[PDB]
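First to last, the protein sequences are chains R and A.
Letter by letter, the first sequence follows residues 21 to 321, 346 to 359 of the deposited numbering.
Letter by letter, the second sequence follows residues 6 to 330, 341 to 368, 378 to 484, 502 to 620 of the deposited numbering.
We put the beta carbon where it would ideally sit given N, CA and C, even for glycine.
These notes are about the structure you will find just below.
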Amino acid sequence: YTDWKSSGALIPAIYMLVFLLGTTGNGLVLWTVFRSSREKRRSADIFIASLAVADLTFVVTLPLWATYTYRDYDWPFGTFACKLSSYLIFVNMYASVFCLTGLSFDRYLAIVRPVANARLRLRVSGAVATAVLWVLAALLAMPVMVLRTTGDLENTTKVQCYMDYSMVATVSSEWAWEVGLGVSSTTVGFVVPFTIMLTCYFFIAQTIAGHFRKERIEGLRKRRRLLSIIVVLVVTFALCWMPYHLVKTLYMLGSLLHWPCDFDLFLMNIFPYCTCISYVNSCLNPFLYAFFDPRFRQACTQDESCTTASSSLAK
Amino acid sequence: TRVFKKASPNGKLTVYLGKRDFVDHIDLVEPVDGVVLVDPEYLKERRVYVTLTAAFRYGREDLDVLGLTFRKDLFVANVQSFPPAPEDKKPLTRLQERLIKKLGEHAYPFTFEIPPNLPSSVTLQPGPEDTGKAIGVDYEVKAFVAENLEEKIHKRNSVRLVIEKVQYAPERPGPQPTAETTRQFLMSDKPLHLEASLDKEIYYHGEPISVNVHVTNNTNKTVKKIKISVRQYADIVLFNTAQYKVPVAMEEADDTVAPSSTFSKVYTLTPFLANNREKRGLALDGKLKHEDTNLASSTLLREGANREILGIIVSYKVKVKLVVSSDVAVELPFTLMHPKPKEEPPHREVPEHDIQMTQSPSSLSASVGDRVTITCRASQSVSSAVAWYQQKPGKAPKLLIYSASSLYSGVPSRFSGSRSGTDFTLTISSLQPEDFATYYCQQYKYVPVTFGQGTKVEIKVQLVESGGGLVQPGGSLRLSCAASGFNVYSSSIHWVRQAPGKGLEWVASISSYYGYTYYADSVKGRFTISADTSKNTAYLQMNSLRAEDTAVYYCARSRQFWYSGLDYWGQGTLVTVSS
Ligand SMILES: COc1cccc(OC)c1-n1c(NS(=O)(=O)[C@@H](C)[C@@H](O)c2ncc(C)cn2)nnc1-c1cccc(C)n1
Ligand SMILES: CC(C)CCC[C@@H](C)[C@H]1CC[C@H]2[C@@H]3CC=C4C[C@@H](O)CC[C@]4(C)[C@H]3CC[C@]12C
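This is the structure in C-alpha cells:
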C-alpha cells in the first residue's frame, strides 16, 4: 500500500513541467483572445476563452500539490488554501470537459446542421451555454469543496490536504458516500460530455467525408486531413482523460473486487502519473484549438471583379 | 432596349446578357441566352467555356474546420462558345442575333436551358450582424478561358454574372381560402365553430390580407383573444429536409365572444419587412448584391412532383387562433407573389441611396399637330431610369413616360420616350390642343430624386391633401394626405413641393415596406414624414418652417415594388409661410 520509491522523486518534476507548458500555452491563448476579440468576432471563441480560463486555473493550483507530494504528501499551506485549491482543480476539470464538449456541439451545429446555425443567435446562445456550464461546474464541485479538509498527521505531524468523508459519511456510510460521489463525479465529468462529443464529431466526420467526396486529388487530400484532425482531437481527449476516470472507476470497482496485494499498489503508484497525463489536454490545447485557428497564427506574427455595366442594343 | 455587360479582369472576355431575371413557368423555364466577346489574340488555341451554376450556399462563411465549404451546386451546365462546335445546331434567339450583329464577328453565342424543377433565387436574411455571405440559392453565369474542362480556372480571364430565376403570380385567381375548425370541450353540448376566411388566394406583395373570423361559441368557455398571424414557411431540403416558420405580421385582437354568442369581424394584416428586419433566417427574394429585397415570393410547383427538390421553397399561411379560457387554430394558405411586370425588376433600390437634370428648351412654342422634341441631360448616368410628367396649370403632374421609353397606361401614343446615353428625349408627334403644359423630367435612380427646371410646352385610386394655411413663419404644420384605394405598404408616399413659379422639388418620401424615410438636404431635420395605415393616411410634420418653404405641396404615390414613377398625385396644399 506504500508509494513507489521513485514516485516522489518525479511527481513534482512532471508537475513542474506541466506548470511551464500549461502556463505558456493557456495564458498565451487567453492573452491572444483578449488581444484579438473584436478582430475575430466569432461566437464559438467564447468556449475557447472559457476553456483557456479553466485550463489556466486548472494548472495555477499545481505548485501547491507538487510541494504536497514533495514532503511525503505533506501540505505546508493553509487549510482554506487546500479547500480552494481542490475545489478549483475539480471545477476546472469539469469546465474543461464541458467547454470541449460545447465546442464539439457548436461545430456539429455549424457543420451538420448549418441551415439552423444562422437561425440561432449564436452570440447569446453561447453566452448562456457558458453561464450554465460554469454554474453547473461550480455546483458539481461544491461537494468536493465541503468535504475538503486538512490533517491526517497520524501521530506523524504531517498536515496534509485531502477530501474528508467523516463529516458527512457515518461509519457504515463511508463506502456508500465515497462510491456515490465518485460515480457522480466520473459520469458528469467524462461520460455525458464524452458521448456528446463523440456523436458530434462522428456526424462532423460523416458530413465532411460526404462533402469532400466530390472533386479529385486536392479534395480527397483535404478530406483526409480534416478526418485526421478530427481523429487527433478525439484521440487526444481519450488518451488524456481516460486514464484518470478509468482509475477512479477501477478504485470503485475494487472497493468490492478487492484487488489483493499488487494491482491496488499499481493504482496508487500510477494515479499521480494519471493526473500528469490528464494535464496533456490542458497543455496542448493552444496547438489544437488556438493554433488550429488561423487568427491565432496571424496574431502571433488581376483579381478585381470589375462591375456589371450596360450597353445599347439598337434595333 | 439595353443589355448588361461584364468584362473580364484582363479585358478579353466580355459576357453580354439581356436580362438578369429569368421567369420560371411551372412547366418550362426561360433560357439563359447571351453573347461572349472573345479576343483571338489572347486565345492562341484556348477555348471559351461558359457555365450556368445553380448554387446553394447553405452555410454561413466557410473553413470553420479549415477546409469545409458550404456551397452545393444544384445544377451546372457547360457550353463551349469558342470555337463554335458544329454539333450545336441551335437557333439563335433574337437578342443573341442582335448582339452578334452589334458586335463584330468575334462575338459568340451561348444559351443554357434551366431544367423545370429547380429552386428559385432566394436568400435567407443575414441578420443584424453576420457580414460574410447570405445563406440561400443563387444562380451564376461564368465565362472563362481554358484549354480543358478541368484546367484550373483563372480569376483573371473569368467573368461572373449573378442572375435571378423568379416566378410571377398566375393570371387566374385561385379558390377562396376558407377553413373552419369545430372544437368541443368537456362540455360536449355544442362546440366552437371558428370559420375564418381570406378574400382570395393570390395576394401581391405589400397588399392586405382580409380575414373574416366568424365565431359561434355554443360552448360555455369564452374566448379571451383572437391572434391572427401571417407565417412564412421556408422548406429547406438540402440533405436533411426542414420546415422553418417565421411569423411576419400579427394582430393580437382582444375581441371576445360570450358563451352561446356569435361574433363576426374582418381583421386586416399586411406582411412587410420593416418590422421583420430583425428576424434572422427570413426568406427574401434573390439578391444580386447586398441590397434591399422583399419577402420571398411564394414558390409555385407542379402537383405531385416535389421530388424533395433541393433548395428553399417559400409558402405562406395565415394562422388564426382563438384563445379559449386549448387554442383553436385555422391555417389558410395563400400565395404572396409579384405580378408579372412589363418591365424587368430593378434588383437595386430604385431611388438608390444628387444628379442635376438640365432640361431644354425651357420655353418653346409651336402650332397644333407638329412634332416637338424635349431634351434633358443628366450630370451622371441615370441608366434609363428617368420619367416624364405633365402638369397642366393649377393641376397635378401626370406620369407620361417611365423608364425613359415606356408609356403609361392611358397616355396618348403620340408621346414617346427615347435615350441617347445620358440625354433622355421626349417626342410629341402630333401636338393636339390637349398638350399645353409644363413637362418635367425626373431621375429616380439616385435619391435625392431630381426633377428638371421644366419645359413650358405652349400650344401657340385617389389622394386628398389638407393642412395648408398662411400662418406660422417659424411654427409647425401637419399636412395630411388621405389615400383611397392604396396601401402604404405596396406604395411609397412622396411629398414633393413646388414653389410658386418654380419646378418640383422633392421634400420627403416614406416607404413603409422597407420602412425607410428619406428627406432632401434642405429639410433633413426640420421635417418628418410618417404614414399611418389606420386610414391609409400619410402625414408630413413640418417644423421650423422658413420663408423659402412657401409652396404647393403635393403628395404622390410610387409603386413601392419596381418603382415606375409618381403615377398618382393629390390636389396639393399651399403652405404660405409668410409674416
Ligand atoms: C492524484 O490525485 C490528486 C493528487 C493531489 C491532489 C489532488 O486533488 C486536487 C488529487 N486529486 C484527487 N484526490 S483524491 O480524491 O483524494 C484521490 C487521490 C482518490 O480519490 C483516489 N485515490 C486513488 C485512486 C486510484 C483514485 N482516486 N482527486 N482528484 C484529483 C485531481 C488532481 C489533479 C487533477 C485532477 C483532474 N484531479
Ligand atoms: C453554436 C453554439 C451557440 C451552441 C450553444 C449550445 C451548446 C454549447 C450546448 C448544447 C448542449 C450542451 C451540453 C448538454 C449537456 C451537458 C451535460 C451537463 O452536465 C454539462 C453541460 C453539457 C456538457 C452541455 C454543454 C453545452 C452544450 C454542448
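N-terminal and C-terminal residue of the beta strand (DSSP E) that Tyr21(A) is part of:
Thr19 to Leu22
Say the cut is 7 Å; is the CB of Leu156(R) nearer than that to a heavy atom of ligand 2?
yes
Where the beta strand (DSSP E) containing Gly202(R) begins and where it ends
Unbroken run through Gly202(R) is the alpha helix (DSSP H), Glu194 to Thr206; no beta strand (DSSP E).
Rounded separation between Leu615(A) and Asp608(A) - CA only
21 Å
Answer yes if the segment 144–152 of chain R comes into contact with the segment 236–244 of chain R, meaning at least three C-beta pairs across the two stretches below 8 Å, and no otherwise.
no
Would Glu238(R) pass as an interface residue toward chain A - the criterion being a Cβ-Cβ separation below 8 Å?
no
For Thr275(A) and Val216(A), what's the separation of their Cα atoms in angstroms?
11 Å
Rounded separation between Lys10(A) and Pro541(A) - CA only
44 Å
For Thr81(R), which residues from the same chain have a beta carbon less than 6 Å from its beta carbon, with the 5 sequence-adjacent residues on both sides left out?
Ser105, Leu108 and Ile109
Which residues bound the beta strand (DSSP E) around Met352(A)?
No beta strand (DSSP E) contains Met352(A), which DSSP labels as neither H nor E.
With distance defined between alpha-carbon atoms, name the residue in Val135(R), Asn112(R), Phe100(R) and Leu167(R) nearest to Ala157(R).
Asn112(R)
So which residues on chain A does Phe312(R) lean against when the C-beta distance must stay under 7 Å?
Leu71
Going by the CB atoms, is the gap between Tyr272(A) and residue 495(A) shorter than 8 Å?
What the structure lacks is residue 495(A): chain A is numbered 484, then 502, with the residues between left out.
Does the beta carbon of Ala130(R) sit closer than 8 Å to a beta carbon anywhere in chain A?
yes
Between which two residues does the alpha helix (DSSP H) containing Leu71(R) stretch?
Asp65 to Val79
At a CB-CB cut-off below 8 Å, which residues of chain A make contact with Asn305(R)?
Under the 8 Å cutoff, chain A gives no residues; its nearest Cβ is about 16 Å from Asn305(R).
Considering only C-alpha positions, which residue in the set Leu104(A), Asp260(A), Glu66(A) and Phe115(A) is nearest to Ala90(A)?
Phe115(A)
Cβ shell of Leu97(A) (< 6 Å), same chain only, five flanking positions each side left out:
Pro114
For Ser620(A), which residues in the same chain have their Cβ closer than 7 Å to its Cβ, ignoring the five residues on either side in sequence?
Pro514
Burial state of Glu156(A), where buried means 16 or more other Cβ atoms lie within 10 Å:
exposed
Which word fits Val164(A), buried or exposed, when buried means at least 16 other C-beta atoms lie within 10 angstroms of its C-beta?
buried
With a threshold of 7 Å, establish whether the CB of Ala148(A) neighbours any heavy atom of ligand 2.
no
So, at 8 Å on beta carbons, what are the nonlocal neighbours of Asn223(A) in its own chain, with the 5 sequence-adjacent residues on each side left out?
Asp194, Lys195, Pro196, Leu197, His198 and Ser265
Is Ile105(A) helix, strand or coil by DSSP?
helix
Using 8 Å for Cβ pairs, my map puts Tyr208(A) next to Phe349(A). What's the rounded Cβ distance?
5 Å
Alpha carbon to alpha carbon, what distance is there between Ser427(A) and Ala409(A)?
5 Å
Going by DSSP, which residues form a beta bridge with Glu145(A)?
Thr58(A) and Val167(A)
CB of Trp85(R) to nearest heavy atom of ligand 1: below 7 Å?
yes
Within chain A, the residues that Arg245(R) reaches when beta carbons sit closer than 9 Å
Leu71 and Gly72
Only counting the same chain, and skipping five residues up and downstream in sequence, which positions put a Cβ closer than 7 Å to that of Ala161(R)?
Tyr107, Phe110, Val111 and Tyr114
Go ahead and label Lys469(A) buried or exposed: buried means 16 or more other beta carbons lie within 10 angstroms of its beta carbon, across all protein chains shown.
buried
Closer than 8 Å by beta-carbon distance: list the chain A residues that pair up with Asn137(R), in chain order.
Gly64 and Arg65
Bridge-paired residues (DSSP) for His198(A)
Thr187(A)
Within the present structure, is the beta-carbon of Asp194(A) separated from the nearest heavy atom of ligand 2 by less than 7 Å?
no
Report whether the distance from the Cβ of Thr121(R) to the nearest heavy atom of ligand 2 is below 7 Å.
yes
Please classify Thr474(A): is it buried, with 16 or more other beta-carbons within 10 angstroms of its beta-carbon, or exposed?
buried
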